[PDB]
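Scroll down for the structure; my scribbles are underneath it.
Naming: A, B, ... by sequence-line order, numbering from 1 per chain. Counting convention: from 1, in listed order, for ligands and their atoms alike. For the numbers below, each heavy atom of this structure counts, side chains included, while hydrogens, waters and symmetry mates do not.
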Amino acid sequence: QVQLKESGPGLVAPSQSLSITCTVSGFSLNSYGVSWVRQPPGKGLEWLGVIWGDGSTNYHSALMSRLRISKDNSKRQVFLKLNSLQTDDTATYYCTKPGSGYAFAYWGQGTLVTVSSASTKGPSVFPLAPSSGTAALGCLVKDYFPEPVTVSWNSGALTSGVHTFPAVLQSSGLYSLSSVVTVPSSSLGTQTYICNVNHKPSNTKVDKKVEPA
Amino acid sequence: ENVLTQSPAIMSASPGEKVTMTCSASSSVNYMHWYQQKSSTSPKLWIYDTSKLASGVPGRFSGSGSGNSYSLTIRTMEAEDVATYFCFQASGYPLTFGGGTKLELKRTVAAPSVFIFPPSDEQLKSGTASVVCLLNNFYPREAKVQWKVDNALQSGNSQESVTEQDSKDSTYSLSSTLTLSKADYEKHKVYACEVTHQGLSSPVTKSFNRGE
Ligand SMILES: CC(=O)N[C@H]1[C@H](O[C@H]2[C@@H](O)[C@@H](CO)O[C@H](O[C@@H]3[C@H](O)[C@@H](O)[C@H](O[C@H]4[C@H](O)[C@@H](O)[C@H](O)O[C@@H]4CO)O[C@@H]3CO)[C@@H]2O)O[C@H](CO)[C@H](O)[C@@H]1O[C@@H]1O[C@H](CO)[C@H](O)[C@H](O[C@]2(C(=O)O)C[C@H](O)[C@@H](NC(C)=O)[C@H]([C@H](O)[C@H](O)CO)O2)[C@H]1O
């Protein structure tokens, strides 16, 4: 179990800098390189750079010298620093370990970085109430920033028939999404349906009970 | 840089069917690598050194090629192979990735089940009315949703969002959200969403009247 994990700030203002830490385990940074990759939302993978076990570095010239990678072996940490972020630096950032064929054998979970001067805002949560053998209900999660929010149903116990839509960025600069679940008509009197909405950037948790009108 | 070209960018295959995706390097490389990525979670190493399977990759995958010309093949397409596959070269700097091939499972036609939701009273107190139309578990992806308010076609005030192909059943789901001011929401009676899809003999219309 080689593991890597990114920690980073989430929101960064334009022209300010980005720092992310990659904390590793199951391997020694003195013997192995660590690469960095990003993915702009809805787009492809792009390589950023590498620090090798000896501490030597290589960077993508498309970053025009804005990127430095460093590491501290005893702390099991690799540091990425990217200066002067602009809007097009918005991406999910991954650290990765080259392995077989010098391809990226192990990846962190990624950390979303949003480049924006706009401020954090928690969502409003509204019920999508079942109509008058299958019925649908849901929650509308409106007017938050930045991504992401998570939505679970009944604390994660209800998973079958759930569809949580991709968030859309509105004109306002805020995001919205709906989460729905189809359930048996016969459960509507009986069963409790709670959408649990968590928006970590604002420290907002909302549990919204959804019942017939 | 050594640009890698993956075309076509999107393809579909029915279950059991053989599928081949190509990757072309502008300059010759000694080895090509490949990654699989499902729904914007971390990519996974899939094939390294042209033809070697990474761990956990089932034997139905293979890779081949040489020089500028590489491919990845799935002997028999399965529902779990729905993903984006990226080629990648690490033979010369900068390290480069292909643009991706997104592979869809071509299943049987399935008609959406359609649901309409009026705005919550709680939302209305705030001054806005979102009305939601839900298309659940349909195939193929192409579907037309129109909003009609007392018979008038709306435009410019709705947004659609679509799920990825479902893991198990290979269907889509789609929400369409009409946003109105409360004042305007109260100026009209009949709210209808109208759904056109090849699984339906004729369009489905689901409507309500504000009031109950
Ligand atoms: C040696 C070298 O030139 N490394 C380059 C690397 O070149 C590769 C690469 O371009 C690939 C294609 O992606 O093509 C060649 O390699 C071929 C295969 O892909 C590869 O699988 C195959 O490996 C053989 C292996 O050689 C045999 O000995 C083994 O028994 O079998 C395997 C399986 O066949 O070999 C093929 C060719 O014969 C190229 O050789 O390219 C990357 C860029 O993607 C870098 O440029 C590599 O060079 C690194 O340079 C930095 C300096 O800038 C460092 O020198 C680094 O060395 C260290 C390090 O400091 O990180 C030294 C450590 O001792 C070493 N650790 C261990 C435990 O060995 C690490 C470690 O190897 C790396 O961090 C990767 O995890 O490297 C150079 O590697």
Nearest non-hydrogen atom to atom 33 (C) of ligand 1 belongs to which of A/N58, B/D49, A/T57, A/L29?
B/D49
Ligand 1 atoms nearer than 4.0 angstrom to some heavy atom of A/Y32 are 68 (C), 74 (O), 76 (O)
The closest protein heavy-atom partner of atom 60 (O) of ligand 1 is A/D54 N, 3.2 Å
On a heavy-atom basis, which atom in B/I47 and which in B/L53 lie closest, and how many Å separate them?
CG1-CD2, 4.0 Å
Are there protein heavy-atom neighbours of atom 64 (O) of ligand 1 below 4.0 Å?
no
Considering only the protein, which heavy-atom contact is closest to atom 61 (O) of ligand 1, and what is its distance?
A/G53 N, 3.0 Å
Does a side-chain N-to-carboxylate-O contact under 4.0 Å join A/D89 and A/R38?
yes
Report the nearest protein non-hydrogen atom to atom 78 (C) of ligand 1: residue, atom name, distance rounded to 0.1 Å.
A/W52 CE3, 4.6 Å
Run the numbers on A/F104 and B/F88 for ring pair (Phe, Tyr, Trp, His ring centres under 6.0 Å), then give the verdict.
CA-CA 10 Å; A/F104 302 157; B/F88 170 81; 4.9 Å; yes
Contact between ligand 1 and B/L95 is defined here as a heavy atom of the residue under 4.0 Å from a ligand atom; is it met?
yes
Min over B/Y93, A/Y102, A/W47, A/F27 of heavy-atom distance to atom 8 (C) of ligand 1 lands on A/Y102
Given that the side chain starts at C-beta and the backbone is N, CA, C, O, which of these parts of B/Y31 lies under 4.0 Å from ligand 1, counting heavy atoms, or is it both or neither?
side chain
Within the protein, is there a heavy atom lying under 4.0 Å from atom 68 (C) of ligand 1?
yes
Is the shortest distance from atom 30 (O) of ligand 1 to a protein heavy atom below 4.0 Å?
no
Looking at the rings of B/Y35 and B/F97, which for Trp means the six-membered one, are their centres under 6.0 Å apart?
yes
Scan the protein's non-hydrogen atoms and note whether one is under 4.0 Å from atom 1 (C) of ligand 1.
yes
Heavy-atom distance from atom 10 (O) of ligand 1 to the protein below 4.0 Å?
yes
Describe, in one word, how the ring planes of A/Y175 and A/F145 are oriented to each other, choosing from parallel (under 30°), tilted (30 to 60°) and perpendicular (over 60°).
parallel
Partner of A/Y144 by side chain to side chain contact (heavy atoms under 4.5 Å, CB included), out of A/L177, A/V197, A/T204, A/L174:
A/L177
Among A/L137, A/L128, A/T159, find the residue that satisfies the side chain to side chain contact (heavy atoms under 4.5 Å, CB included) test when tested with A/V181.
A/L137
For atom 43 (C) of ligand 1, is there a protein heavy atom at a distance under 4.0 Å?
yes
For atom 76 (O) of ligand 1, is some protein heavy-atom partner under 4.0 Å away?
yes
Out of B/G92, A/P98, A/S56, indicate the one that has the non-hydrogen atom closest to atom 53 (O) of ligand 1.
A/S56
Going by the order shown, which atoms of ligand 1 are within less than 4.0 Å of some heavy atom of A/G101?
11 (C), 12 (C), 13 (O), 19 (O), 21 (O)
Run the ring-centre check on B/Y185 versus B/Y191 and record whether the distance is less than 6.0 Å.
yes
Where B/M77 and B/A13 come nearest, the two heavy atoms and their spacing:
CG-CB, 3.7 Å
Among B/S26, B/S28, B/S91, which residue satisfies the side-chain hydrogen bond (donor to acceptor under 3.5 Å, both in side chains) criterion with B/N2?
B/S26
Specify the closest pair of heavy atoms between B/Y93 and A/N58, including all atoms of both residues, with the distance to one decimal.
OH-OD1, 3.3 Å
Provide the closest heavy-atom pair for B/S71 versus B/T20 in the form atom of the first, atom of the second, distance.
CB-CG2, 4.1 Å
Report the nearest protein non-hydrogen atom to atom 74 (O) of ligand 1: residue, atom name, distance rounded to 0.1 Å.
A/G33 N, 2.9 Å
Please identify which atoms of ligand 1 are closer than 4.0 Å to at least one heavy atom of B/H33.
12 (C), 13 (O)
Relative to the heavy atoms of A/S31, which atoms of ligand 1 are at a distance of less than 4.0 Å?
63 (C), 65 (C), 66 (N), 67 (C), 68 (C), 70 (C), 71 (C)
Part of B/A90 within contact of ligand 1 (heavy atoms, under 4.0 Å):
both
What one should report as the nearest heavy-atom pair of A/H199 and A/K121 is CE1-O, 3.4 Å
Evaluate the 4.0 Å heavy atom contact test for atom 25 (C) of ligand 1: does a protein atom fall under the cut-off?
no
